[PDB]
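Below, each chain spelled out in residue letters.
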Amino acid sequence: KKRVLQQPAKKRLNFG
Amino acid sequence: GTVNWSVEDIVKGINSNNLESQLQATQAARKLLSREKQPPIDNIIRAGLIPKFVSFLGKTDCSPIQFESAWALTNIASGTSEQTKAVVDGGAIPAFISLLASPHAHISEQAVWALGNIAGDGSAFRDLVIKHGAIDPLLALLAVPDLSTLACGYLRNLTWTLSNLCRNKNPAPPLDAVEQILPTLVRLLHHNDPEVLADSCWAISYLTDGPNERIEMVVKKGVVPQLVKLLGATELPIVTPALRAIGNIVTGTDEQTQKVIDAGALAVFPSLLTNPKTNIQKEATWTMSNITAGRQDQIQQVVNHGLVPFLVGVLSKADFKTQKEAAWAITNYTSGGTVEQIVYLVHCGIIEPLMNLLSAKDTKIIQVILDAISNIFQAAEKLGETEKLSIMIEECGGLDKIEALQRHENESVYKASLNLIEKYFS
């Protein structure tokens with residue numbers, strides 16, 4: 001009866 | 001000085017036998033890979049520079065070249081799965097893990113970031129990073145009396161990398177690794193930096209997205225109250241992962257849902273179900289549908305918190321996906337609830353928006369709404385009020401829609417509408 005269902009960046013480039 | 005070098009000049013400098021020339025060229029490569037444009041990662045890889053950067057990662061006598069090469073490799077690993085694979089195949093994982101223990105904070109930070117990108121590639125590289133022994137030094141970097149003494153960006157990067165180590169499924173992270181990381185995650189969940197809190201809630205959401213044993217591991221650490229507290233937060237980047245984690249948790253056993261309820265989560269749902277962000281509204285309605293699928297006492301808790309009127313509201317006006325989650329919540333309510341609770345539901349005015357939603361194109365929402373109406377009619381049958389419910393569904397012009405659905409393409413919708421109209425509308 002209970003049914004099932006990622007914002008952060010999986011990868012990030014370092015710009016500074 | 002090191003601005004706008006050509007990859008050819010970078011290779012020339014790196015291939016020199018002069019450590020200062022190599023350092024200048026490596027900084028040039030880092031700056032080339034740091035531009036806001038899509039960096040020239042493929043050109044750097046084709047030149048065969050990854051092995052040289054990985055070797056420079058081990059030069060403890062030249063911390064600057066360690067830092068520059070770590071930054072460059074981080075940026076390379078930030079790209080496609082193939083470029084991250086190129087970084088990993090150069091042997092960079094153990095080098096970064098060794099650099100995690102560097103006395104310089106910015107080098108350790110770059111190592112954390114690189115390992116985070118590698119793990120974020122997917123479950124295979126995540127498990128590989130874990131197998132090389134990264135969790136121990138990563139968690140050691142946070143073995144401080146007070147997290148407030150750490151640099152803001154440093155702690156943020158550590159938290160993000162840990163969240164990526166908790167991320168992804170098929171397979172999910174190793175159980176021993178999750179158990180090794182959870183305490184630090186709780187500690188971070190009690191921190192005050194909004195970005196740390198967001199990343200920690202996302203890690204908890206990752207860990208709770210699975211079978212009931214993962215949910216149980218998470219719940220036993222006692223984080224549900226803190227998750228509800230953060231659910232009441234003002235910053236959306238915190239509320240979103242907190243709500244996702246609470247939803248995941250309520251997808252499990254009735255005891256886990258009961259932990260969610262006992263923590264006072266329902267008291268927050270009046271605002272969540274009216275949140276300006278449609279995504280928060282949909283996630284909250286889905287959590288509510290999972291809660292109404294539980295025991296009758298839990299449905300009664302939902303009733304006592306005055307949330308049935310909010311369910312009627314979202315069913316009456318909301319984006320179609322939220323309305324679909326609300327239809328699911330109503331169907332679960334009616335299937336699991338007593339006739340008294342179903343009567344209360346009707347008294348709150350569910351019938352009119354439930355009928356209004358029957359003009360939808362999706363056949364799934366149609367069949368679930370028909371199931372809800374069937375449950376309601378059964379509840380009314382036990383009360384002898386079935387003619388009352390008939391007059392209700394006919395007064396708002398609803399029976400017309402059921403008659404129209406009688407000719408639906410779906411066999412299930414066809415048969416359910418026919419049965420309803422033959423028994424209760426003849």
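Residues numbered from 1 in each chain as written, not as in the entry; some residues may be left out. Chains lettered and ligands numbered in written order. Heavy atoms only, no water.

Deposited coordinates in this entry are attributed by the record to X-ray crystallography, at a stated resolution of 2.30 Å.

Q: Describe the overall build of chain B, with residues and values.
A: Assigned secondary structure in chain B consists of 28 helices and zero strands. Computed over the C-alpha atoms, the radius of gyration of chain B is 28 Å, more than 25% above the 22 Å expected from 2.2 N^0.38 for a compact globule of 426 residues. Summarising its shape, the C-alpha atoms of chain B cover approximately 95 × 45 × 30 Å along the three principal directions. By residue count, 56% of the 426 residues in chain B fall in the buried class. By sequence separation, contacts in chain B at least 24 residues apart represent 69% of the contacts at least 6 residues apart. Within chain B, one finds 35 positive and 44 negative side-chain charges whose respective centroids are separated by 5 Å. (Helix = DSSP H or I, 4+ residues; strand = E, 2+ residues; numbered from the N terminus. Rg over C-alpha atoms; globule rule 2.2 N^0.38 Å. Buried < 20%, exposed > 50% of the residue type's maximum accessible area, 1.4 Å probe, protein only. Contact = heavy atoms within 4.5 Å. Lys, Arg positive; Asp, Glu negative; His and termini not counted. Charge placed at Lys NZ, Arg CZ, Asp CG, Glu CD.)

Q: Now, about the interface of chain B and chain A: what can you tell me, with residues and values included?
A: A common way to express how large an interface is: the accessible area buried when the components associate. With 46 residues of chain B at the contact, the number on the chain A side is 16 residues. Summing both partners gives a buried area of about 2,600 Å² for chain B against chain A, and 49% of it is carried by carbon and sulfur. The largest per-residue losses of area from chain B upon contact with chain A belong to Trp113, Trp160 and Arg167 of chain B, which jointly make up 22% of the total buried on that side. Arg3 of chain A is paired through a salt bridge with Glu325 of chain B; the nearest N and O atoms lie 2.9 Å apart. Here chain B and chain A share 20 residue pairs in polar contact between them. Grouping the amino acids of the side of chain B that touches chain A by side-chain chemistry returns twelve nonpolar, 25 polar and nine charged. (Buried area = accessible area lost by both parts, 1.4 Å probe. Salt bridge = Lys/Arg side-chain N within 4 Å of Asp/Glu carboxyl O. Polar contact = N/O pair within 3.5 Å; in protein donor to acceptor, adjacent residues only side chain to side chain. Nonpolar A, V, L, I, M, F, W, Y, C, P; charged D, E, K, R; others polar.)

Q: Before we move on, can you summarise the side chain of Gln66 of chain B with the specific residues and values?
A: Relative to the helices and strands, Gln66 of chain B resides in helix α5 (residues 63-77). Polar contacts involving the side chain of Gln66 of chain B include one to the main-chain carbonyl oxygen of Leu57 of chain B, which spans 2.9 Å.

Q: I'd love a proper account of the environment of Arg35 of chain B, names of residues and values included.
A: Structurally, the position occupied by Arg35 of chain B is in the loop between α2 (19-34) and α3 (41-46). It is 18 Å that separates the C-alpha atoms of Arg35 of chain B and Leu49 of chain B, two residues lying 14 residues apart in sequence. With near-sequence residues (within four places) excluded, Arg35 of chain B lies in contact with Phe15 of chain A together with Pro40 of chain B. There is a polar contact of 2.7 Å between the side chain of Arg35 of chain B and the backbone oxygen of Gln38 of chain B.

Q: An account of the packing of aromatic side chains is needed here, citing residue identities and associated values.
A: Enumeration over the complete set of coordinates arrives at four aromatic pairs over all chains. Note on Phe377 of chain B and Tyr424 of chain B: the rings are 4.0 Å apart at their centroids and 10 degrees apart in plane angle, and the pair reads as stacked. Of this pair, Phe377 of chain B sits in helix α25 (residues 363-383) while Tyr424 of chain B sits in helix α28 (residues 411-424), and the two are 47 residues apart along the sequence. Among the residues examined, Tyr424 of chain B registers a relative accessible area of 15% and is labelled buried. Among the aromatic residues, those joined into a cluster by ring pairs are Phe377, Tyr424 and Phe425 of chain B. The ring of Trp113 of chain B is capped by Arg12 of chain A, whose NZ or CZ atom sits 4.0 Å from the centre of that ring. (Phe/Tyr/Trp six-rings, centres within 6.5 Å; stacked < 30°, edge-to-face > 60°. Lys NZ or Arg CZ within 6 Å of the ring centre and 35° of its normal.)

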